[PDB]
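K.L.:
For the protein sequence lines, the chains are S and U, in the order given.
If you use the authors' numbering, the first sequence corresponds to residues 256 to 492, in order.
If you use the authors' numbering, the second sequence corresponds to residues 1 to 304, in order.
Cβ atoms here follow ideal geometry from the backbone N, Cα and C, with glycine treated the same way.
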Amino acid sequence: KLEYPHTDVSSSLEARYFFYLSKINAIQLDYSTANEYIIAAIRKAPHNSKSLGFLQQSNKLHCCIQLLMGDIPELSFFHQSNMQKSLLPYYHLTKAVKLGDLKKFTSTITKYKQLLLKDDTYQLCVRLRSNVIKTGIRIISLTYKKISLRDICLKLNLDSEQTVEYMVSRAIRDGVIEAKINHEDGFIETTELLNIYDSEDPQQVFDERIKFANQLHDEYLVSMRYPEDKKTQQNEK
Amino acid sequence: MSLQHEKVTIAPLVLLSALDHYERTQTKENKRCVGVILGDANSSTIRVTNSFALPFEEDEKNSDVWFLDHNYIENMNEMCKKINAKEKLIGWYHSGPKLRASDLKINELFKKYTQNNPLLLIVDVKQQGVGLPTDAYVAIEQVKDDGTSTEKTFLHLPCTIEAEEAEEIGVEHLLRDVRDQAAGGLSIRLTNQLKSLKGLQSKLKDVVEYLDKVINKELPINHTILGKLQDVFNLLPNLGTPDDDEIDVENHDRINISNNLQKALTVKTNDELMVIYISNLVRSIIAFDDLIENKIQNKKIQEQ
């Protein structure tokens with residue numbers, strides 16, 4: 256409908272709004288934008304101990320969003336948080352996904368099924384079952400550039416050579432693993448090598464940064480003269 | 001004798017004088033103002049320092065009839081050596097804008113006061129050109145190619161306005177306009193860059209038209225023009241060579257440095273914001289104080 260006001264509101268209000276958008280966007284499988292709102296939700300929000308629910312639940316949700324991407328939240332995020340007691344489930348999941356073990360991921364969720372259900376992060380975890388496999392073959396892509404089908408199956412305990420090809424195809428459709436299969440020739444060959452200052456893509460990266468800097472250059476200007484007006488208009492000693 | 005006229009520097013004294021002189025004879029309707037130009041000559045750089053009118057008539061019935069007073073040229077020489085001996089006759093301005101063949105014959109006359117070939121300085125006084133307010137040509141005599149005879153002809157030799165230093169002072173005084181082209185700030189050069197594209201494009205359009213008229217309407221092939229055009233096709237940038245690719249890398253190199261600068265300013269601009277809000281903070285307190293302070297003032301009047 257799109258009429259939400261920023262005109263005469265508080266920052267807490269902005270923090271509230273952003274948290275709701277993140278949930279909707281994350282499950283509609285648009286994690287990029289859900290992540291970008293949840294970071295902002297935390298920033299816009301005040302940081303105090305009367306703000307502890309908000310801080311705790313927005314830090315929990317953010318990390319679930321990174322695993323959905325395929326990223327790993329920082330280990331250091333969890334240990335140096337003074338809310339480390341309740342981020343005990345999440346330290347575990349971030350580890351299970353990293354190590355790629357299927358067995359560890361199932362076992363962890365079975366314990367903290369209830370814990371996750373409270374904070375509405377259980378819904379995210381069903382899909383993190385898919386995400387185990389993806390991380391595990393992201394490791395495989397970075398270690399090995401040419402790796403026979405059998406070798407992948409032995410490491411990761413996958414049933415058939417045909418099966419693991421289907422799984423890699425899905426991933427390279429979305430362009431994460433960026434590999435290309437050779438079925439006939441019986442290997443998978445990593446196709447990522449970057450070297451992109453030779454392409455025109457850095458012009459597009461530079462468009463955003465100048466655009467970003469521009470945004471502040473307008474914002475200061477409009478706000479700054481605004482309080483000054485009243486003070487001259489009003490009596491002074 | 002020398003064929004040295006490769007650069008022609010013009011003092012702005014010459015262009016405004018030619019503007020006046022046309023109007024002090026009142027020539028019009030392809031009648032011309034023919035006067036002398038003085039300066040230094042017999043040299044690689046010609047500096048056109050001064051200009052004067054002469055008595056002159058121009059007949060429209062036959063272009064081989066005009067008047068000129070010879071005795072005037074001899075008497076003006078005596079006088080100008082006394083003011084300045086660095087001034088000598090170097091040739092003649094002609095109002096133009098149309099160059100004619102009879103002007104070669106006027107040229108011959110002026111070749112009897114100066115050792116060098118005379119400079120014929122076309123100064124458009126009608127102000128139809130938005131550029132070229134000076135075009136310079138010098139008569140030289142050469143065997144022309146393609147079975148052609150020896151022709152006496154006026155070849156273009158580079159000219160630019162550069163101003164003397166003594167002239168400069170007045171140029172500064174009379175220019176009090178903002179100057180649309182002056183090479184200023186970001187603004188001034190974005191206006192220029194557009195102006196520059198339409199400049200070139202029109203210049204390019206004359207070449208197209210010319211070429212068509214050679215084989216349509218049978219203009220005389222002038223092989224000098226055509227030679228220059230061979231090199232136009234030979235200095236064309238060709239894509240897909242490692243040179244063009246390095247240029248696209250260099251556009252990112254340059255924009256890279258522009259990005260770091262843009263961030264650095266964002267901190268200055270935010271610095272200014274911070275510093276105002278501190279002032280406003282204080283001002284809230286000062287205005288609050290007035291309200292308390294009144295009570296203190298009111299009480300005194302009652303007492304005393």
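1. I'd like to know if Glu-272 (chain U) contacts chain S, where contact means its C-beta is closer than 8 Å to some C-beta of that chain.
2. In this structure, how does DSSP classify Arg-176 (chain U) when only helix, strand and coil are distinguished?
3. Determine the extent of the beta strand (DSSP E) in which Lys-152 (chain U) is found, giving its start and end residues.
4. Give me whichever residues DSSP pairs with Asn-50 (chain U) in a beta bridge.
5. Give, in chain order, every residue of the segment 276-290 of chain U whose Cβ lies closer than 8 Å to some Cβ of chain C.
6. Measuring only the C-alpha atoms, how far is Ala-287 (chain U) from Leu-268 (chain S)?
7. Alpha carbon to alpha carbon, how far is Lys-126 (chain U) from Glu-23 (chain U)? Give it in angstroms, no decimals.
8. Is the shortest distance between the beta-carbon of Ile-451 (chain S) and the beta-carbons of chain U less than 8 Å?
9. What would DSSP say about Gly-185 (chain U), mapped onto helix, strand or coil?
10. How is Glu-141 (chain U) classed by DSSP in three states: helix, strand or coil?
11. Are the CB atoms of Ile-37 (chain U) and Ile-90 (chain U) nearer to each other than 8 Å?
12. Rounding to the nearest angstrom, what Cα-Cα distance links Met-79 (chain U) and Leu-104 (chain U) in this structure?
13. With DSSP as the reference, identify every bridge partner of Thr-45 (chain U), one or two as the case may be.
14. Start and end of the alpha helix (DSSP H) containing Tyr-399 (chain S)?
15. Considering Cα atoms alone, identify which of S:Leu-411, S:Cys-380, S:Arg-405, S:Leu-379 is closest to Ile-394 (chain S).
16. Output the residue ranges of the alpha helix (DSSP H) runs that lie fully inside the segment 404-477 of chain S and measure 4 residues or longer, sorted by chain position.
17. Measuring only the C-alpha atoms, how far is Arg-189 (chain U) from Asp-180 (chain U)?
18. Assign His-438 (chain S) to buried or exposed, taking buried as 16 or more other Cβ atoms, counted over all protein chains shown, within 10 Å of its Cβ.
19. Leaving aside the five residues before and after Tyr-292 (chain S) along the sequence, list all residues of the same chain whose C-beta is less than 6 Å from its C-beta, in chain order.
20. Do three or more CB pairs link the segment 381-392 of chain S to the segment 322-329 of chain S at distances below 8 Å?
21. If you reduce the DSSP assignment to three classes, tell me which class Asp-326 (chain S) lands in.
22. Of the choices U:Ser-44, U:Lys-263, U:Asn-259, U:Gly-240, whose alpha-carbon is the least far from that of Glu-6 (chain U)?
23. Using only CA atoms, which one of S:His-302, S:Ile-388, S:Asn-469, S:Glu-420 lies nearest to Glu-444 (chain S)?
24. Since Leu-448 (chain S) meets chain U, which of its residues come closer than 8 Å, beta carbon to beta carbon?
25. Within 10 Å of its beta-carbon, does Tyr-481 (chain S) have 16 or more other beta-carbons around it, so buried, or fewer, so exposed?
26. Would you say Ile-221 (chain U) and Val-232 (chain U) are within 8 Å of each other, going by their C-beta atoms?
27. Give me the Cα-Cα distance between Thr-446 (chain S) and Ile-225 (chain U), rounded to the nearest whole angstrom.
28. Measure the alpha-carbon distance for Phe-461 (chain S) versus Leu-281 (chain U) and round it to whole angstroms.
29. Within this structure, are the beta carbons of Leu-357 (chain S) and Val-387 (chain S) separated by less than 8 Å?
30. For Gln-458 (chain S), which residues in chain U fall below 8 Å Cβ to Cβ?
31. Might you give, ordered along the chain, the residues of its own chain that have their beta carbon closer than 8 Å to the beta carbon of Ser-306 (chain S), omitting 5 neighbours on each side?
32. Chain S beta carbons: is any one of them nearer than 8 Å to that of residue 305 (chain U)?
33. Per DSSP, which one or two residues make a beta bridge with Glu-58 (chain U)?
34. Would DSSP call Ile-221 (chain U) helix, strand or coil?
35. Under the three-state reduction of DSSP, which class applies to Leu-239 (chain U): helix, strand or coil?
36. At least one CB of chain U closer than 8 Å to the CB of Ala-295 (chain S): is that the case?
P.N.:
For this structure:
1. yes
2. coil
3. Run containing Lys-152 (chain U): 150-156, per the beta strand (DSSP E) assignment.
4. U:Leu-38
5. Reference to chain C is not applicable here, since the protein chains of this structure are S and U.
6. For the pair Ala-287 (chain U) and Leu-268 (chain S), the Cα-to-Cα distance works out to about 31 Å.
7. 11 Å
8. By this cut-off, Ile-451 (chain S) is not an interface position.
9. The answer is coil: DSSP assigns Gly-185 (chain U) none of H, G, I, E or B.
10. strand
11. Result yes, Cβ atoms of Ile-37 (chain U) and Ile-90 (chain U) sit closer than 8 Å.
12. 28 Å
13. U:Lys-7
14. First-last for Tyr-399 (chain S): undefined, no H or E at that position.
15. S:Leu-411
16. 404-411, 416-429
17. 9 Å
18. exposed
19. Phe-273, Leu-276, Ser-277
20. As far as the Cβ criterion goes, the segment 381-392 of chain S touches the segment 322-329 of chain S, which means the pair count is three or higher.
21. coil
22. Minimum Cα distance to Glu-6 (chain U) is reached at U:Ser-44.
23. S:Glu-420
24. Here the premise fails: no neighbours, minimum Cβ distance about 18 Å.
25. Taking all protein chains in view, the Cβ of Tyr-481 (chain S) is surrounded by fewer than 16 other Cβ atoms within 10 Å, so the residue is classified as exposed.
26. no
27. 54 Å
28. If you take the alpha carbons of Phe-461 (chain S) and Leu-281 (chain U), they lie about 37 Å apart.
29. yes
30. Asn-251, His-252, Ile-255
31. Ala-300
32. No answer is possible for residue 305 (chain U): the residues shown for chain U start at 1 and end at 304.
33. In DSSP, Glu-58 (chain U) forms a bridge with U:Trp-66.
34. coil
35. coil
36. no
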